[PDB]
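As a starting point, one isolated chain is supplied in structure tokens, in the form solved without the named molecule.
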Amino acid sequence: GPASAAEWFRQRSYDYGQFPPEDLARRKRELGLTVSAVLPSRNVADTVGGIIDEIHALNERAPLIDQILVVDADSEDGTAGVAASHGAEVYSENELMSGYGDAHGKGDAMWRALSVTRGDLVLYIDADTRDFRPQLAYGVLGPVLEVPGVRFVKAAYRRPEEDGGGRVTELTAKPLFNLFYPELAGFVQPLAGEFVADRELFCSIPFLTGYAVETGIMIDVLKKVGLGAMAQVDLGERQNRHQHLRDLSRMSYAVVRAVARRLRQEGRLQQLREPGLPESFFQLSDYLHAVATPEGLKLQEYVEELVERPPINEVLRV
């Protein structure tokens, strides 16, 4: 395995420039591999159309993506119809793994998607990217297709200069990973939605359902394949999204919850509830967010249960 974070960073970081699309396509045909691109799509009517159009144009020059799969996460904006009218295979998430109830977020979408992905490789992609450059499709395929032993590949990129990622990455994930999962500290965008692996890998791990999904995947893939089999590819620039700091806070909470849950399974965290601490203070699903408003201080409460899906292998018709 890798000797240190730094040795991994050196051996397992690439630029998209090292994998021209033509070459990859040649290689893929040679390997006899297929690729499903999965777009978990929640109210992305203004963007999925463009992404699908670009994947299509890419496939013109170099056939790399076999299945374009949009999973509509109960959108109210016309997402499903936009995706459909641009030629993607579209599924509502309610209709997949239907015995599971209704959509419980990005993770649930990404997980359920596996039941209809046909490719040997599953490439997850963010559906909300505003100017989708071809390399957001193929860049991460580079190392899975060409480097022995590499099994999982994450995007790295920068906003429009030293980009350590968005705010949840910078202030929640990187700090927690440095402390608890030092092997993950070399990833530039550990929470990126573009990543690819063998379909079998994804079918064999649990998926956290909400925002914590990328966090749980990073940790579980690490434990499964080892750091040496993980890589990242510099894809250049990505206009980061805008969001309200107030809403990032609950996303940060999910990241925390995911680490805490994994720490508890490893046995590093035990007796999470402090003996002495009254029951009334203890409710993990209950997030309190104290704020100051022009009208006084207020205690806001958010209730989100941390739902987790089992390895879909265990639960899908074989």
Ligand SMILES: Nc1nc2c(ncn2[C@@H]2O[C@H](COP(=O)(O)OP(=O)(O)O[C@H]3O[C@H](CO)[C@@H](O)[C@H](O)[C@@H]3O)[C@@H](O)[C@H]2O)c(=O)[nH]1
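In case it trips you up, residue 1 is the first one in the sequence shown, and so on.
This protein has a second form, the form solved in complex with the named molecule, left out of what is shown; the following refers to that one.
Counting atoms of the named molecule, placed from its pose in the deposited bound form by superposing the C-alphas round the site, that lie within 2.4 Å of this form's backbone or C-beta atoms gives 3 or more, so the site is blocked. Listed stretches are 221-229, 179-187, 243-251, 134-142; the contact stretch with the named molecule in the deposited bound form is 243-251, by a heavy atom cutoff of 4.5 Å. Site residues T172, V256 and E308 are none of them in contact with the named molecule in the deposited bound form, judged by any heavy atom within 4.5 Å. Listed residues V90, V82, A73, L201 were compared with the named molecule in the deposited bound form; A73 is the one with a heavy atom within 4.5 Å. Contact with the named molecule in the deposited bound form, judged by any heavy atom within 4.5 Å, is made by just one of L191, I205, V150, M97: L191.
Using a 4.5 Å cutoff between non-hydrogen atoms, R112 does not count as a contact of the named molecule in the deposited bound form.
At the 4.5 Å threshold, heavy atoms of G165 stay clear of the named molecule in the deposited bound form, well away from it. In the deposited bound form, at least one heavy atom of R42 sits within 4.5 Å of a heavy atom of the named molecule. The named molecule in the deposited bound form comes within 4.5 Å of a heavy atom belonging to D128. In the deposited bound form, the residues of 205-236 lying within 4.5 Å of the named molecule by at least one heavy atom are, in order, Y211, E214.
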